[PDB]
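Shown next as structure tokens: one chain only, the form deposited in one PDB entry.
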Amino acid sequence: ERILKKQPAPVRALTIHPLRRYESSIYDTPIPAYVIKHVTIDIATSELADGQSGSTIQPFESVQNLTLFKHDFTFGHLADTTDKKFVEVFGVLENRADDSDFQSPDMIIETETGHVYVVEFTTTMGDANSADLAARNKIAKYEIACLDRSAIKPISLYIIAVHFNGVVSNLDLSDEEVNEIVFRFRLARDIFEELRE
């Protein structure tokens, strides 16, 4: 029996924390070798020093999944790929299903206190300004569904947008957390360019 579910109700509203720009600080860090075979990927995680950026990378990968490989690999240490829909957490609104019910952000996290956290990941091959635009596009994509459902349980909407030299996010990230996202993105780009052949 979970006593945190017995609290007075929180304000039912949508919270969006402000987007911040983060720069990576990877510097001259070893990047693991990879071997691609017809795909399977063996990543030489033995080459990394204990605790350096990249410690979340697993040595073996299997890859219909090629188009989203860069996205899924970059954020794989934070969330596995999902098809969890708004409707699985909230049910339909106004007694009629619509397109918003079947949107699927990267994460929908429910807490005992009754808040819901919606998290969306995205990438860009451009610069930091491109990453900010990508983050704002994902806010635009999910803001209507999150606002409407905040009437049921309060929602906070979080975005992580990665580029080659940093992250735009409204999470409060450490240098090491920024570096892990960027490090994985850079490696995913290297692998993807060879996979596309």
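We call the rigid core whatever largest set of C-alpha positions still superposes within 1.5 Å between the two forms. Residue positions are given as counts along the sequence shown, with the first one as 1.
FYI, the form deposited with a small molecule bound isn't displayed, but the following is about it.
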For the small molecule in the deposited complex, the stretch among 168 to 176, 64 to 72, 27 to 35, 150 to 158 with residues bearing a heavy atom within 4.5 Å is 64 to 72
Which of 88, 80, 83, 99 has a heavy atom within 4.5 Å of the small molecule in the deposited complex? 83
May I ask you to check whether residue 124 falls inside a 4.5 Å heavy atom distance of the small molecule in the deposited complex? no
Is the gap between residue 138 and the small molecule in the deposited complex 4.5 Å or less for some heavy atom pair? yes
Just one of 83, 127, 99, 112 has a CA that shifts 2 Å or more between this form and the one not shown on a core fit; which is it? 83
